[PDB]
Each structure stands twice: as C-alpha cells, then as structure tokens.
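A short write-up of the structure that comes next.
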Number of protein chains: 2
Amino acid sequence: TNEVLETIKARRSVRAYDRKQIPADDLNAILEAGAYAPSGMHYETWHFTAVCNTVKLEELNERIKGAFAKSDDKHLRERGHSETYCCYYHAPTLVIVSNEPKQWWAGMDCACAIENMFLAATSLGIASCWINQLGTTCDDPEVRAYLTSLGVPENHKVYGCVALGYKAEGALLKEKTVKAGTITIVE
Amino acid sequence: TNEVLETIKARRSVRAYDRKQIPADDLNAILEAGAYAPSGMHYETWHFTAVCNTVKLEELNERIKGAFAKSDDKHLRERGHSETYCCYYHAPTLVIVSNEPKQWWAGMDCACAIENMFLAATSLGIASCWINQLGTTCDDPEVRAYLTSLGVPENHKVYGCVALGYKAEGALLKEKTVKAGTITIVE
Ligand SMILES: Cc1cc2nc3c(=O)[nH]c(=O)nc-3n(C[C@H](O)[C@H](O)[C@H](O)COP(=O)(O)O)c2cc1C
Ligand SMILES: Cc1cc2nc3c(=O)[nH]c(=O)nc-3n(C[C@H](O)[C@H](O)[C@H](O)COP(=O)(O)O)c2cc1C
C-alpha cells in the first residue's frame, strides 16, 4: 500500500454535508487535479464551472426539478414535484464538468477529470459525490439558460458534476466492499 | 500539496516501454484500484481483463489492424496495413476495460476505473497509457472472437484499455502544462 492506493479505496460518495464552505486553496487544488486529467488527443476542450453560491445552486436545482416535472418517468416527476429534493445534497460547492460533444469519448474525458477531483478532495478531507442530474436536463431551455448564465459554454453538454463539502457531523457510510469476479488475468 | 495531488500532476501518458513485466502484486493493486472506482447505481457491471501475455497482445493487435484495414479513414487504413503499428506500444500488460452498454454512462464508469488504475500505477513507478483502439473495433467479428477467447464478456463493449509497464530507458516526456481558462469559479 501507499497514500494514493489508500485514498483510492477510501473515496466514497457522500450525500449529507455540513454547511461550511470549503477553503479557496482546497477548491483550487481540486480543480487543478481535474485539469491534469488525461484527455483524448490532449484536446482539453472541457470546462469546469465551480458554483459556490448557495442561492444559485438552489435556483439551478429548481430548474432541474422543472425539467423533471416535464418527464414521464415516475421517479423523475416525483423529484420534479418535490419540495425537498436536492440533487446535490445541499453541498456548499458543485463543480459542473462540461465538454463539447464532438468526440465520442467526450464524457470519458470528463469522468477522468471528475475522478481526479474526487481523489484530490478525499486527500484533503473533503467529501464528494457524482451528481448526474444535468446530463439529461442540460438542454432543457430553462436549465440551459441557467447554465449559460453561470458560464457553462453553450456548445457543451454536461457529462457530470462534483458535489464538494465536509461530511455532515454523524453521517455514517455503509462499509464498502467490491464485487468479486470483475477481474480476469490472462498470464 | 500532498502525495495524491503530486501523483495526479505526475501521471503521464507513456508510449515507450521496457520489456520487463510488472510484478504480480503491483498488477493486483492497480486492478483493485480500478475496482474501487465509483459506478453509476453501484452496478459494478464492468470487467477488467488484464492481458499479460506478449503473444496474445500481438495477436489482438493484428486483429485490430485487420479491422482498421477494412476502414475508409486514411489514417486507419495506414495502421491496418502497417508492419510496425502497435496500438499498445509494446507494453508488457494491457488491461481491457469493458462494460455492458445498457446505461448511457457506461463509458464513464470505465473511465473512472481507468483513471484510478493510472494513478495507482504512477504511485508504484509503473508507466501507463490510455489505449482507445478497441472502442470502434471491438465488434469487428475477428476482434470480437479474440476478445471472447480472452474472457471479455460477449455483451460488453470495450470503453478503454490501460497499457502498463516500465518507461523505456531514456524515453523523455514533453514537459506538461495545462490550458489556462478551463476553470470558472462562481462565488
Ligand atoms: C457515472 C456515475 C453517475 C453517478 N451519479 C450519481 C448521482 O447522480 N447521484 C448520486 O448520489 N450518486 C451518483 N453516483 C455515485 C454512485 O452511486 C457511487 O459511486 C456508488 O454507489 C458506489 O459508492 P462509492 O462511491 O461510495 O464507492 C454516480 C456514479 C457514477 C460513476
Ligand atoms: C478518452 C481518451 C482516449 C485516449 N486514447 C489514446 C490512445 O488511444 N492512444 C494514446 O497513445 N493515448 C491516448 N490517450 C492519452 C492522451 O493522448 C493523453 O492523455 C494526452 O495527450 C495528455 O497527456 P498526458 O496523459 O501525459 O497528460 C487518450 C486519453 C483519453 C482520456
């Protein structure tokens, strides 16, 4: 083992957050870690829009709910008509990770960046979670108008988001185990 | 800074490899790191097929060339008719990372796993590179027959591969810099 290997195993998806905002230096380190992810052809066409403002996060969540309210999926209409659903779990920071959809691997660039950010965050004692609700909603007219106002490029799609914060006091995680049999070694 | 942050910045794509195979314990640590990646809904539907046999790697590369020889893309026909092209750069190990294509985020699961593996490898002094040539070729009949024989599930597509090895003696990398302006912070 080593610190990297242990941080990789220790990374978890956290869905309950303290109100305290993370420090600017930590946010910069986490975003830089995403920036250093591999990208196809070294295109670096991604954008990372770190939203740290509680009012704007709440407004964006309302727009996402509004998009869901338009859906036929029962689970999605239920979110859309909820008075409590918050896709980012009241994390104080959400990083919207977007890319142009030109290359077929566009989302994999983003996932690499996102995984770096999770690991960077874990190494700094900062909880994180993948927030996926902008993938299918980013082209809803009201959601898109909101994203544009935040600085997400209009020609980008949103491939994933990163919630960041401190784990809520007394929030306990399920013990992690992984599926045996995902690995084949051919000698 | 910390070891995780530094390992993240230090990770590079390496395309020249020594002949020495990596140690079994390192390979297991790297694969475990992939296994601990986040996956949508915790489905863990991915498979990791670590191919450590030079003969089989060469045969697989021939099949990939054969698929490319069928293409119209000039760059791909050139690879297909090459006597020297090797998509995995003669790395002693290639990990084929596959998933069922049921969910739209299938490839992002794989990219998360792959990024963990890169970082795990870097932390152990093991060079790595994303090898993308099975994404568009995995359903070619001869390539697919080969993948099946290696143990890649027949219902999976290949979203990315990881070359692993030691960097060739005297192989020098271009200094890494990242694009300024990919980050927007909204306070
Ligand atoms: C592509 C993808 C999308 C995900 N989307 C969400 C999501 O929108 N909301 C959420 O709470 N967790 C999301 N997750 C987190 C997974 O549920 C989590 O990784 C899985 O349950 C394993 O738990 P762990 O991260 O603690 O290892 C997503 C993960 C992946 C990789
Ligand atoms: C989705 C994706 C696909 C890639 N495919 C290949 C490839 O097939 N062959 C290769 O040599 N490098 C591949 N790369 C590596 C990129 O070229 C590399 O990440 C980029 O040039 C930045 O260099 P660095 O990894 O040293 O930071 C791929 C990277 C990404 C994320």
Side-chain angles (χ1 to χ4, degrees), chain A residues 38-45 102-106 108-109 112 184-187, chain B residues 11-18 21-22 27 47-73 76 78-98 107 110-111 114 117-118 121 126-152 154 156-166 168-173 176:
Chain A
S39 67
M41 298 289 300
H42 193 44
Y43 288 152
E44 296 177 286
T45 46
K102 186 173 303 185
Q103 314 303 337
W104 68 258
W105 61 81
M108 298 195 305
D109 285 0
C112 290
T184 292
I185 296 170
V186 180
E187 294 191 327
Chain B
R11 183 220 50 79
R12 297 300 299 286
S13 293
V14 168
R15 306 188 173 96
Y17 287 92
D18 192 81
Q21 183 61 279
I22 66 168
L27 176 59
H47 204 82
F48 312 116
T49 307
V51 183
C52 302
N53 186 298
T54 295
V55 173
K56 301 183 200 303
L57 289 167
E58 295 188 351
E59 290 187 336
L60 176 58
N61 185 70
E62 281 308 301
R63 302 313 186 280
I64 288 167
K65 288 172 37 183
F68 288 160
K70 298 171 189 171
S71 177
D72 278 311
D73 294 358
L76 297 185
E78 282 174 355
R79 290 174 179 175
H81 289 292
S82 181
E83 290 298 326
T84 64
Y85 178 72
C86 181
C87 67
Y88 62 92
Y89 309 115
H90 300 290
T93 290
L94 186 70
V95 189
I96 302 169
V97 181
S98 63
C110 293
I114 285 166
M117 287 193 198
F118 293 157
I126 286 166
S128 63
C129 195
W130 191 293
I131 312 300
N132 213 35
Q133 286 64 54
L134 280 169
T136 58
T137 64
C138 65
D139 287 337
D140 169 274
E142 294 79 36
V143 173
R144 178 51 65 157
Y146 209 92
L147 294 177
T148 299
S149 84
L150 291 167
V152 179
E154 294 181 71
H156 277 203
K157 303 311 186 193
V158 175
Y159 290 95
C161 302
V162 179
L164 296 167
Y166 300 101
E169 203 194 334
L172 305 187
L173 286 146
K176 176 156 190 177

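Chain letters run A, B, ... following the sequence lines, proteins first and then strands; every chain starts at 1.
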To the nearest 0.5 Å, what is the distance between [atom1] ([X]) and [atom2] ([Y])?
X        : Y        : atom1 : atom2 : value
B:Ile96  : B:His156 : CD1   : NE2   : 12.5 Å
B:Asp140 : B:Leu134 : CG    : CG    : 10.0 Å
B:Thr136 : B:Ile64  : OG1   : CD1   : 9.0 Å
B:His47  : B:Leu150 : NE2   : CG    : 10.5 Å
B:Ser13  : B:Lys176 : OG    : NZ    : 7.5 Å
B:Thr93  : A:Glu187 : OG1   : CD    : 10.5 Å

Taking ring-ring contact (aromatic ring centres under 6.0 Å, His included) as the test, write out the residues that go with B:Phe48, two or more places apart.
-> B:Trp46
Would you confirm whether [X], through its side chain, and [Y], through its main-chain N or O, come within 3.5 Å as a donor-acceptor pair?
X        : Y        : answer
B:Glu142 : B:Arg63  : no
B:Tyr17  : B:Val14  : yes
B:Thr148 : B:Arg144 : yes
A:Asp109 : A:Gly40  : yes
B:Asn61  : B:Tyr85  : yes
A:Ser39  : A:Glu44  : yes

Check [X] against [Y] and note the closest heavy-atom contact, atom names and distance.
X        : Y        : result
A:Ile185 : B:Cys52  : CG2-SG, 4.3 Å
B:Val158 : B:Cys138 : N-SG, 3.6 Å
A:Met108 : A:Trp104 : CE-CZ3, 3.6 Å
B:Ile126 : B:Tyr166 : CG1-CE2, 4.3 Å
B:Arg11  : B:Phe118 : CD-CB, 3.5 Å
B:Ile22  : B:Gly165 : CG2-CA, 3.7 Å

B:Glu62 and B:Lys65 ion-paired at < 4.0 Å = yes
Do the side chains of [Y] and [X] get nearer than 4.5 Å, heavy atoms only?
X        : Y        : value
B:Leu164 : B:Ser128 : yes
B:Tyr88  : B:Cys161 : no
B:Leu147 : B:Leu60  : yes
B:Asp139 : B:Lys157 : yes
A:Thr45  : A:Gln103 : no

Parallel, tilted or perpendicular: which describes the rings of A:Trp105 and A:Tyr43, with under 30° parallel and over 60° perpendicular?
-> parallel
Go through the structure and list residues passing side-chain contact (heavy atoms from CB on, under 4.5 Å) with B:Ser149, not counting sequence neighbours.
-> B:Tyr146
